[PDB]
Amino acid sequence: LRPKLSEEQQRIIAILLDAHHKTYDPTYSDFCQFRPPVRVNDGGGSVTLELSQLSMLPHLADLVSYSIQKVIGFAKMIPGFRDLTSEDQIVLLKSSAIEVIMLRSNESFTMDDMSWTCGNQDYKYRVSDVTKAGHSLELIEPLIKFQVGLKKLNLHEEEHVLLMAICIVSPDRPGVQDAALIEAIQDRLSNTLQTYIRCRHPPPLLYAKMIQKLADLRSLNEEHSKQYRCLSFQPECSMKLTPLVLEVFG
């Protein structure tokens, strides 16, 4: 059975598409405002040297901080998000931050060379740049696998925006108070996505593959938090981060 998208569901898709267009800049025109990328010689992938310099940390912390501001902006426009208490809105935003960043970064990701290309060579990021910000292979290698797997789903913008919205509005986050309200908003989004796939995505299991990407994001989020914990033990690391990054990941 292929039920047609309701007027409410079409409205939700239009709102989410407009939300994304207002919060995502595909020209990466603000990148020159971040602290500059610094790429020291590190062919060996030396942990000692990486922690000593953290050369890419001010630039990547600014990029993530910027991306979180856009995610906050996006989330505010999700149908129903504003019906939640401000305590739940912040729990949802904090717990999902790195996952939604991983999803939205897929738009700039390219399988041509397995990089995140955000304009010129200065804003072209690879595995070696994430290690230069103090992260390790236990995070970057499944992260690249996730980017390729997600890129290969060839999501329509409609599916991409619904996936981000479903990620954010998740009832199974620690500290939520009204799980039932969060679940009702998420189901409204999940049903819109299933119906959209069935009636708009041409052949050649896409909904189940998208839900699997959400479970993959959970493991990546746990690895990132463990790595952020280690990176934060580096003396004077806080000056290389941002107040927003410190609060979200602290």
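Numbers follow the displayed sequence, beginning with 1.
Going from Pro204 to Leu205, the model skips 1 to 3 deposited residues, which lack coordinates. Two stretches are in play, 176-184 and 106-114, and the higher mean C-alpha B-factor belongs to 176-184.
If you average the C-alpha B-factors over 81-89 and over 146-154, the higher value belongs to 81-89. When the C-alpha B factors of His224, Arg35, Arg39, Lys213 are read from the deposited coordinates, the top value falls at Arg39.
Remark: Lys70 belongs to the lowest third of its chain, ranked by C-alpha B-factor as recorded.
Among the modelled residues of the chain, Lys209 sits in the middle third by CA temperature factor in this PDB entry. In the deposited entry, the Cα temperature factor of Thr23 places it in the lowest third of its chain's modelled residues.
Sort the modelled residues of the chain by CA B factor and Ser29 lands in the middle third. Per the deposited record, the Cα B-factor of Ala97 falls in the middle third when ranked against the other modelled residues of its chain.
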